[PDB]
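This report concerns only the one structure given below.
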Amino acid sequence: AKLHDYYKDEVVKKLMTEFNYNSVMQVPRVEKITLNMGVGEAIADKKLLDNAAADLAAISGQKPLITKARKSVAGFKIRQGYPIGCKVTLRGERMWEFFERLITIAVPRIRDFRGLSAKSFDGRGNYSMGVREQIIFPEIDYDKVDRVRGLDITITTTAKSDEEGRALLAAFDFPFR
Amino acid sequence: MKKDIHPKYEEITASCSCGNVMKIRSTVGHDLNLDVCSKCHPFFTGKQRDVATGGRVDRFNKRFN
Amino acid sequence: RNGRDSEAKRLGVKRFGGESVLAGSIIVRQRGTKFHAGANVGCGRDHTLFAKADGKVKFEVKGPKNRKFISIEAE
Amino acid sequence: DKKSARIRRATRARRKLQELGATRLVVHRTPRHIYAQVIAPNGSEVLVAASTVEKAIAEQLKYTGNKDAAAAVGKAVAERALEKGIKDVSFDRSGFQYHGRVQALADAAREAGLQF
Amino acid sequence: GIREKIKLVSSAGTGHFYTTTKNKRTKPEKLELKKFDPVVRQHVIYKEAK
Amino acid sequence: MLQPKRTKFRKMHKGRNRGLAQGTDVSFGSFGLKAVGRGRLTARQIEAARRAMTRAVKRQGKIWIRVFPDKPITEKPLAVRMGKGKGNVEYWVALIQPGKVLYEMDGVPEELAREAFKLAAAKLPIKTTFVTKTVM
RNA sequence: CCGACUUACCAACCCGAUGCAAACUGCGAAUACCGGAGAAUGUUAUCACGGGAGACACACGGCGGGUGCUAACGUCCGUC
RNA sequence: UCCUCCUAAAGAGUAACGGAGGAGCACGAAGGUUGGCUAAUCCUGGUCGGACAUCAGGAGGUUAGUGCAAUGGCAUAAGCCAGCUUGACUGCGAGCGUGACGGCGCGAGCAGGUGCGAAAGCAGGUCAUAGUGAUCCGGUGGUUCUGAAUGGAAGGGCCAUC
RNA sequence: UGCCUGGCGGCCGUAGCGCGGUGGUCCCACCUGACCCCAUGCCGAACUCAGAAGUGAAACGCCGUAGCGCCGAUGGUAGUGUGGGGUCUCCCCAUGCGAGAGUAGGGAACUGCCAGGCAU
RNA sequence: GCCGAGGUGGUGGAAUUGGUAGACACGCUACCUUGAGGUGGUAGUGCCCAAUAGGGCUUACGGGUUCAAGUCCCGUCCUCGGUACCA
RNA sequence: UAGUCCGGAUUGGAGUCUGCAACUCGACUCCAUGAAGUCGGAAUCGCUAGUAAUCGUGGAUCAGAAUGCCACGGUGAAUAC
């Protein structure tokens, strides 16, 4: 909605003026945004993962997919095909509105916020931040709360470098201490 | 999207207590009244204010003449 | 502690290049597919290759993996 | 990748169709055109070919890449193949899913007189 | 070993049955298994029996 | 004594020792002790020759052993009859063909190299020679 | 709590150069085997069916091996 | 007793109280079809979460996986996932392979009746090779096939099976 | 007749990677949106539909590079069938066959059927 | 030499059905009782990281299998019981 | 009726006074913090009436430095077969 049209004017025009792009297709596009909740303590009871799924469904607009374990590990008492994590991959306009609520509303509420350090890019412009407790989104009632139950949001941009993706996310006024 | 399994996701009007109004498609079920905004936050404005980190010869002189 | 061995199960190429077969004759008994089926050759459930037509047997290398194929020319 | 993943779905059915020796009706679909070829029992030479890149088909339809153009291509390749005479043809979807446009091409080939 | 021998008996024109094996501790469920009957020459519903 | 850490099987066949050796060039060092005759060296003889050689040069220079045993050899105990299985692996040998450079040294004068290779060749069962590396 | 300073301590993975393998193989013979065509030679030397058997303790020598001690006029196989 | 590898000498086969490992099963889905997908292991980034759970990207290309030992195979996947299903069907079977034999195995096609698929097609169990015992004697079910003067029946036979 | 581009092949690395440059009138790809067909074990990412504003970025194609991968002689060597010899648990001779590795070198393919646009 | 059984805290020892072990009885340590010892009674009691919640290391050794080994498999050391005969 | 407006240890900051001097090592005040603790194992002690229990005040020592010691009052039981 808002951040899409603000992108389509200002971000493409500024990454045009300060990065040498003969074509507009070279400008990095934030493509998808996934919220992952690596619950993990549902080796004992899966009531907890069942609550965490509805917590993610309240945060985003999509019903989250439950992720079963890939290989069996006896270090953490997990079994093959045990549902141990939860995820949402949200792309398109719903991702744009989640990006609205993340920047304009959510990141002021991280409760002694000092600015997300920009060195969390992995090598090709994809960002990853970790939200430590779930109540930073105002969709949670906070009269109901049970556990802290954080998550991590990773943003996939089509940038190839860290500086191009950093300038892309900084063009949408990321905090960036 | 898969039709009925998703939660409702409606256009609401959030009421930013810094003075601002924002139409937002969300899930809260009412008109949410948030406290601080992306505007007028101390980190966003520049009022983060990390303290001096060493004012000992300042402190000695504001104590004693 | 040793001393056990199974009976040898007579695998191998039964009909070689240029041989005249009738349809239904067994050309190659094998475990995997060392040889793959080609024209007029069928692959059995234990990967036996058999003549689906009567002609002469032909061995080729084919495809991008340089694999062995068995064809039959209807003579 | 999108081009590369499709040739596997082709490669399965093409192999058994050339094993049988059947005349393969190959379809090809792009986001704005659609192609059809009637390829010989050996699989090297074609017999006929009809597409929206032909002029005389494109002179009579609005968009060259939707269902009605696919149906006109199907009836064109069916009438040309029946002027030649290829009576038993076997359709191959060439790695494309059936329902969208190659259903329309396949059906307009069938009800123009091609038995498969 | 743990598979018990059971038979599966025809419903229509029972002059015929097949015989199979079934594990009791995993599957206590019934077979119905629409197999061919040579007596009535059709595909009939068959049923689990001892 | 040299033996493989973690070999794949414990025992193996006798085999034969036909053919000529592959390691004919002296590559690592300047001088080499090369095999003239066929046979096999146990790890005990290899270490006896190595101790005699590095004692002869007074721990200067560099010594390379170029053969490793990797072949288990069994014995049957005395007053034990024929049969009842293969015998227990006792010691490891390396098979030696004619022309195999068994040892190399570099960083010594030539006469001390030759005399140390003589004093080391006295412990080995096979007939040996002194060779020098050659360019190309 | 950082973290600096080192070392005749060892060092995976990779690189460059050596070897080794019955149960390793991205290579690969000679012979042998299967089939077809031809000439010469051979007392049909070939196959099928019927009558009668004997034999089923083998030995050494060469070549390829297992075992043993690359011992045995040893033992166990393949082939002549 | 059976299976896999080596011995085994590049067709097959080939001994030893020679060298090594397994089997005496499982599964109505782990069988059939249709549609789709593609690993291991490291590196980086990220709430608890840390060598190793979940996420995202990169490298690598089958070093993975196969219900179970080893070998041969497998990308068109024989590997992984989902829809619908019972062909894990009856009578045969040209032709071969392998055994002294008893036996064991592969099989295109034909008749009947189905399942999946839009259709070409595929399916008469499973990636293949182990998971197994002859005959006699009896048990059960069906079929007038016989049935000791005759009509039944008993008892045999045949077919399925223990 | 020559360039391109697409589909089906032939062939299966002299044909694959790396590095560099180049193309958008067409063709193709990225692209745009999802009333409706259909789809997601969440998600128009994919699959699918309705399309044409931009771009050739990525992909794909073409061209140039030997840095690899790959091919690969002639000699020689190993091994070996047959017949002889020894100092015979290994070799030699007469004769027939003759590798693998390496070397000089070659090498970024070639081509058939059809369809479309271009200059002829 | 051959077969069968064992090796686990300081000790005796139960876990020998792969699902993160030492459970019980001694001994030891601390407190109480006592003028003081013993007995008795309460609480600890396999080794190192923090003062903790917890994690690392642990079944004679070494290795394999699997997601996971005290558990099944192999090799080696030590210790038991039985055999080592006919000439 | 919660580890809570109970608890008030700990620690960061700013002070005041005595004293040559408050770092080792004083007392107090303010602001902030808000630990264990939810009536206590085996055991064991004091008390017979203005007593036990509880509440405050004062003095000696002393420049400063009592939760101790010595004194003073307020309220004030239960139980003695």
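Scheme for the structure tokens: letters A, B, ... for chains in order shown; per-chain residue numbers from 1; ligand numbers from 1 in order shown.
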What are the nearest atom pairs, with distances in Å to one decimal, for all residues of chain J that come at most 12 Å from chain F, using only C-alpha atoms (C1' of nucleotides), set out by chain and rising residue number as CSV?
residue,atom,partner,partner_atom,distance
J:1,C1',F:80,CA,9.5
J:62,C1',F:6,CA,10.9
J:63,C1',F:6,CA,8.9
J:64,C1',F:6,CA,11.8
J:74,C1',F:10,CA,11.5
J:75,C1',F:10,CA,10.3
With only C-alpha atoms considered, list every residue of chain B at most 9 Å from chain A, as a ChimeraX atom specification. /B:1,5-9,16,24-29,32,34,36-39,41,43-44,48
As a PyMOL selection string, please: all residues of chain A that backbone DSSP puts in helix (DSSP H, G or I). chain A and resi 2-18+24-26+47-59+93-109+118-120+134-136+162-171
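Rounded to one decimal, atom CA of residue 69 of chain C and atom CA of residue 40 of chain C lie 11.3 Å from each other.
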Residues of chain J within 10 Å of chain A, counting only C-alpha atoms (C1' of nucleotides), what are they? List them as an MDAnalysis selection string. chainID J and resid 19:20 67:68
Atoms kept (N, CA, C and O atoms (P, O5', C5', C4', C3', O3' and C1' of nucleotides)) for selection, written as a PDB file, in the first residue's frame:
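As a result, result31.pdb now contains:
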ATOM      1  P     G J  19      17.255 -47.838  26.960  1.00  0.00           P
ATOM      2  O5'   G J  19      17.520 -46.292  27.249  1.00  0.00           O
ATOM      3  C5'   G J  19      17.816 -45.388  26.189  1.00  0.00           C
ATOM      4  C4'   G J  19      17.141 -44.051  26.367  1.00  0.00           C
ATOM      5  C3'   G J  19      15.867 -44.072  27.195  1.00  0.00           C
ATOM      6  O3'   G J  19      15.711 -42.814  27.848  1.00  0.00           O
ATOM      7  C1'   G J  19      15.351 -43.462  24.953  1.00  0.00           C
ATOM      8  P     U J  20      16.300 -42.580  29.327  1.00  0.00           P
ATOM      9  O5'   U J  20      16.800 -41.069  29.296  1.00  0.00           O
ATOM     10  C5'   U J  20      17.549 -40.567  28.199  1.00  0.00           C
ATOM     11  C4'   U J  20      19.033 -40.636  28.457  1.00  0.00           C
ATOM     12  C3'   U J  20      19.501 -40.176  29.830  1.00  0.00           C
ATOM     13  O3'   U J  20      19.343 -41.177  30.821  1.00  0.00           O
ATOM     14  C1'   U J  20      20.892 -39.242  28.151  1.00  0.00           C
ATOM     15  P     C J  67      19.927 -42.431  11.662  1.00  0.00           P
ATOM     16  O5'   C J  67      20.888 -41.752  12.735  1.00  0.00           O
ATOM     17  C5'   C J  67      21.090 -40.348  12.757  1.00  0.00           C
ATOM     18  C4'   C J  67      20.706 -39.764  14.093  1.00  0.00           C
ATOM     19  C3'   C J  67      21.382 -40.371  15.310  1.00  0.00           C
ATOM     20  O3'   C J  67      22.665 -39.815  15.534  1.00  0.00           O
ATOM     21  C1'   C J  67      19.055 -40.137  15.708  1.00  0.00           C
ATOM     22  P     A J  68      23.731 -40.569  16.465  1.00  0.00           P
ATOM     23  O5'   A J  68      23.358 -40.104  17.940  1.00  0.00           O
ATOM     24  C5'   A J  68      23.906 -40.766  19.067  1.00  0.00           C
ATOM     25  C4'   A J  68      22.854 -41.049  20.105  1.00  0.00           C
ATOM     26  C3'   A J  68      23.039 -42.344  20.872  1.00  0.00           C
ATOM     27  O3'   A J  68      23.949 -42.203  21.942  1.00  0.00           O
ATOM     28  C1'   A J  68      20.790 -42.155  20.153  1.00  0.00           C
TER      29        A J  68
END
Could you name the residues that touch residue 76 of chain H at 8 Å or less, counting only C-alpha atoms (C1' of nucleotides), but leaving out those on the same chain fewer than 2 positions away, as an NGL selection string? :D and (8 or 11-13 or 15)
If we count only C-alpha atoms (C1' of nucleotides) and set the cut-off at 12 Å, which residues sit around residue 2 of chain J, ignoring sequence neighbours fewer than 4 positions away in its own chain? Please answer as a ChimeraX atom specification. /J:82-84
Using only C-alpha atoms (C1' of nucleotides), determine which residues lie at most 7 Å from segment 31-33 of chain E, disregarding the query and same-chain residues fewer than 5 positions distant; provide the list as JSON, numbers by chain. {"E": [45, 46, 47, 48], "H": [86]}
File dump, residues just selected, N, CA, C and O atoms (P, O5', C5', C4', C3', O3' and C1' of nucleotides), as a PDB file, in the first residue's frame:
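Result file part_22.pdb:
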ATOM      1  N   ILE E  45     -17.183 -57.238  -3.252  1.00  0.00           N
ATOM      2  CA  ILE E  45     -16.587 -56.902  -1.965  1.00  0.00           C
ATOM      3  C   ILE E  45     -16.303 -58.199  -1.224  1.00  0.00           C
ATOM      4  O   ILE E  45     -17.155 -59.089  -1.165  1.00  0.00           O
ATOM      5  N   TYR E  46     -15.098 -58.314  -0.678  1.00  0.00           N
ATOM      6  CA  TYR E  46     -14.685 -59.476   0.092  1.00  0.00           C
ATOM      7  C   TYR E  46     -14.570 -59.066   1.554  1.00  0.00           C
ATOM      8  O   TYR E  46     -14.575 -57.874   1.862  1.00  0.00           O
ATOM      9  N   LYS E  47     -14.525 -60.036   2.462  1.00  0.00           N
ATOM     10  CA  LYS E  47     -14.528 -59.731   3.891  1.00  0.00           C
ATOM     11  C   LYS E  47     -13.530 -60.589   4.655  1.00  0.00           C
ATOM     12  O   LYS E  47     -13.290 -61.743   4.295  1.00  0.00           O
ATOM     13  N   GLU E  48     -12.973 -60.015   5.719  1.00  0.00           N
ATOM     14  CA  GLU E  48     -12.031 -60.713   6.585  1.00  0.00           C
ATOM     15  C   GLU E  48     -12.701 -61.867   7.326  1.00  0.00           C
ATOM     16  O   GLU E  48     -13.829 -61.747   7.812  1.00  0.00           O
TER      17      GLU E  48
ATOM     18  P     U H  86     -11.178 -49.963  -5.505  1.00  0.00           P
ATOM     19  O5'   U H  86     -10.480 -51.364  -5.772  1.00  0.00           O
ATOM     20  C5'   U H  86      -9.974 -51.695  -7.060  1.00  0.00           C
ATOM     21  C4'   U H  86      -8.660 -52.439  -6.981  1.00  0.00           C
ATOM     22  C3'   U H  86      -8.714 -53.845  -6.392  1.00  0.00           C
ATOM     23  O3'   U H  86      -7.709 -54.638  -7.012  1.00  0.00           O
ATOM     24  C1'   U H  86      -7.257 -52.516  -5.104  1.00  0.00           C
TER      25        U H  86
END
I want to know what sits within 10 Å of residue 18 of chain G, based on only C-alpha atoms (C1' of nucleotides), with residues of the same chain fewer than 3 positions away left out; could you give that as a CSV table (one decimal) with N, CA, C and O atoms, in the first residue's frame?
chain,number,residue,atom,x,y,z
F,22,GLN,N,57.7,-48.8,-9.3
F,22,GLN,CA,57.2,-47.6,-9.9
F,22,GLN,C,58.0,-46.4,-9.4
F,22,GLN,O,58.2,-45.4,-10.1
F,23,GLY,N,58.4,-46.4,-8.1
F,23,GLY,CA,59.1,-45.2,-7.6
F,23,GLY,C,60.6,-45.3,-7.9
F,23,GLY,O,61.4,-45.4,-7.0
F,25,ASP,N,62.5,-42.7,-9.6
F,25,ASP,CA,63.1,-41.4,-9.5
F,25,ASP,C,63.3,-41.0,-8.0
F,25,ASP,O,62.4,-41.2,-7.2
F,26,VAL,N,64.5,-40.5,-7.7
F,26,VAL,CA,64.7,-39.8,-6.4
F,26,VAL,C,64.1,-38.4,-6.6
F,26,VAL,O,64.6,-37.6,-7.3
F,27,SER,N,63.0,-38.1,-5.8
F,27,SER,CA,62.3,-36.9,-6.0
F,27,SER,C,62.4,-36.0,-4.8
F,27,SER,O,62.5,-34.7,-5.0
F,28,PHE,N,62.3,-36.5,-3.5
F,28,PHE,CA,62.3,-35.6,-2.4
F,28,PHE,C,63.6,-35.0,-2.1
F,28,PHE,O,63.8,-33.8,-1.9
F,66,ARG,N,60.5,-44.1,1.9
F,66,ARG,CA,59.6,-44.1,0.8
F,66,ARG,C,58.8,-45.4,0.6
F,66,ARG,O,58.0,-45.5,-0.3
F,67,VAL,N,58.9,-46.3,1.6
F,67,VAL,CA,58.1,-47.5,1.6
F,67,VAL,C,57.3,-47.6,2.9
F,67,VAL,O,57.9,-47.4,4.0
Please tabulate, as CSV, the residues of chain G that come within 12 Å of chain C, each with its closest pair of atoms and the distance in Å to one decimal, counting only C-alpha atoms (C1' of nucleotides) and ordering rows by chain, then residue number upward.
residue,atom,partner,partner_atom,distance
G:33,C1',C:16,CA,10.6
G:34,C1',C:16,CA,6.3
G:35,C1',C:19,CA,5.4
G:36,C1',C:18,CA,7.5
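Residues in contact with residue 28 of chain J at up to 12 Å, not including ones fewer than 5 positions away on its chain and judged by only C-alpha atoms (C1' of nucleotides), are residues 10, 11, 44 and 45 of chain J.
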Please, which residues in chain I fall within 9 Å of chain D when counting only C-alpha atoms (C1' of nucleotides), and what is the closest atom pair and distance in Å to one decimal for each, ordered by chain then residue number, as JSON lines?
{"residue": "I:7", "atom": "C1'", "partner": "D:28", "partner_atom": "CA", "distance": 7.4}
{"residue": "I:8", "atom": "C1'", "partner": "D:44", "partner_atom": "CA", "distance": 6.4}
{"residue": "I:9", "atom": "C1'", "partner": "D:44", "partner_atom": "CA", "distance": 4.8}
{"residue": "I:10", "atom": "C1'", "partner": "D:44", "partner_atom": "CA", "distance": 8.0}
{"residue": "I:28", "atom": "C1'", "partner": "D:30", "partner_atom": "CA", "distance": 8.5}
{"residue": "I:37", "atom": "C1'", "partner": "D:100", "partner_atom": "CA", "distance": 7.0}
{"residue": "I:38", "atom": "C1'", "partner": "D:100", "partner_atom": "CA", "distance": 7.6}
{"residue": "I:47", "atom": "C1'", "partner": "D:97", "partner_atom": "CA", "distance": 7.8}
{"residue": "I:48", "atom": "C1'", "partner": "D:100", "partner_atom": "CA", "distance": 6.3}
{"residue": "I:49", "atom": "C1'", "partner": "D:100", "partner_atom": "CA", "distance": 7.3}
{"residue": "I:50", "atom": "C1'", "partner": "D:66", "partner_atom": "CA", "distance": 8.1}
{"residue": "I:51", "atom": "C1'", "partner": "D:63", "partner_atom": "CA", "distance": 8.5}
{"residue": "I:59", "atom": "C1'", "partner": "D:1", "partner_atom": "CA", "distance": 8.5}
{"residue": "I:112", "atom": "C1'", "partner": "D:44", "partner_atom": "CA", "distance": 8.0}
{"residue": "I:113", "atom": "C1'", "partner": "D:45", "partner_atom": "CA", "distance": 4.2}
{"residue": "I:114", "atom": "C1'", "partner": "D:46", "partner_atom": "CA", "distance": 6.2}
{"residue": "I:115", "atom": "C1'", "partner": "D:49", "partner_atom": "CA", "distance": 7.1}
{"residue": "I:116", "atom": "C1'", "partner": "D:53", "partner_atom": "CA", "distance": 6.0}
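Interatomic distance, atom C1' of residue 27 of chain I to atom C1' of residue 118 of chain I: 12.1 Å.
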Show me which bits of chain F are within 9 Å of chain H, counting only C-alpha atoms (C1' of nucleotides), as an mmCIF file with N, CA and C atoms, in the first residue's frame.
data_model
loop_
_atom_site.group_PDB
_atom_site.id
_atom_site.type_symbol
_atom_site.label_atom_id
_atom_site.label_comp_id
_atom_site.auth_asym_id
_atom_site.auth_seq_id
_atom_site.Cartn_x
_atom_site.Cartn_y
_atom_site.Cartn_z
ATOM 1 N N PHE F 9 40.624 -54.334 6.226
ATOM 2 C CA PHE F 9 40.460 -55.725 6.611
ATOM 3 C C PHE F 9 41.693 -56.156 7.384
ATOM 4 N N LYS F 11 43.211 -59.398 7.543
ATOM 5 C CA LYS F 11 44.087 -60.335 6.859
ATOM 6 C C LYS F 11 43.921 -60.170 5.360
ATOM 7 N N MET F 12 44.928 -60.592 4.601
ATOM 8 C CA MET F 12 44.796 -60.609 3.155
ATOM 9 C C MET F 12 45.620 -61.736 2.558
ATOM 10 N N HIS F 13 45.475 -61.898 1.249
ATOM 11 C CA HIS F 13 46.061 -63.021 0.537
ATOM 12 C C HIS F 13 47.567 -62.865 0.436
ATOM 13 N N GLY F 83 45.001 -76.174 8.853
ATOM 14 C CA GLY F 83 43.573 -75.979 8.889
ATOM 15 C C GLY F 83 43.132 -75.093 10.035
ATOM 16 N N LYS F 84 41.828 -75.158 10.309
ATOM 17 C CA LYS F 84 41.125 -74.393 11.341
ATOM 18 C C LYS F 84 41.226 -72.887 11.134
ATOM 19 N N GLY F 85 41.378 -72.429 9.901
ATOM 20 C CA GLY F 85 41.314 -71.012 9.630
ATOM 21 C C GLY F 85 42.662 -70.417 9.266
ATOM 22 N N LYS F 86 42.629 -69.130 8.932
ATOM 23 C CA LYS F 86 43.835 -68.360 8.661
ATOM 24 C C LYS F 86 44.497 -67.978 9.978
#
